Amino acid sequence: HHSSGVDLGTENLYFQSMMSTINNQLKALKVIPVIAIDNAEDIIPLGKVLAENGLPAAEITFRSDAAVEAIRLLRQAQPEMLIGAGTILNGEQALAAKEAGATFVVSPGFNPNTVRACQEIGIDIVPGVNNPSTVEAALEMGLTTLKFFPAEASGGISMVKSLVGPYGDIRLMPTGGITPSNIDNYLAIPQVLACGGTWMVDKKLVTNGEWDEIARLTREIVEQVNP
């Protein structure tokens, strides 16, 4: 669909602008809660605990059927929060996330068809990679901020280090197996911007109403990454 006044060049510039905006937010935040939610309504207490404990960011995974409604609820409850959608496998999901109010999408792997879709609809994508060939594919599409996933199972910090060496332009968001015990090892790598983590918002705590624990874990990581 064509918007009056918007040519292909403007769409490209817009996508670049959105990439820069997201990059700067990630670099400041350093840790992104990765949220898998059963009941959409649970996103409200969870967003409140995150925000009031100093972590105004959430990536809601489309692995749950509740994801789109959760994004819509959180967006309304927490206007200032950085909200992303994860597990985005195609352009239809990307669009649904955008409509609901997300300002970036993340995918577990790299699919150029998903990337082209996001570049067209004007939502930043940070796609998952785990080897040099996939990094090269992403670079060729003009992306530089990539998710590194699954981080620990793909070789952890030694893989990150091996991986960023040849590619000076990339910035990574390692996700998968990140905990308070290893997050600083990742963040020590200059080309790592932020890590994704589930432990501070773990489904086991959410489903069992353990809001005080979520709060404690959130405060702990916020202090740890930006002391």
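One-based numbering along the sequence shown.
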Per the entry, higher mean C-alpha B factor between 126-134 and 93-101: 93-101
Which of 62-70 and 47-55 has higher mean CA B factor, as the PDB entry lists it: 62-70
Candidate residues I178, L187, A40, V34, the one whose C-alpha B factor the record puts highest: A40
Deposited CA B-factor, highest of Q76, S154, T114, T145: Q76
Third assignment of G168 from its chain's C-alpha B-factors: highest
Third of the chain, ranked by Cα B-factor, where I83 sits: lowest
Third of chain Cα B-factors occupied by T218: lowest
Record-listed C-alpha B factor of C118: chain third: middle
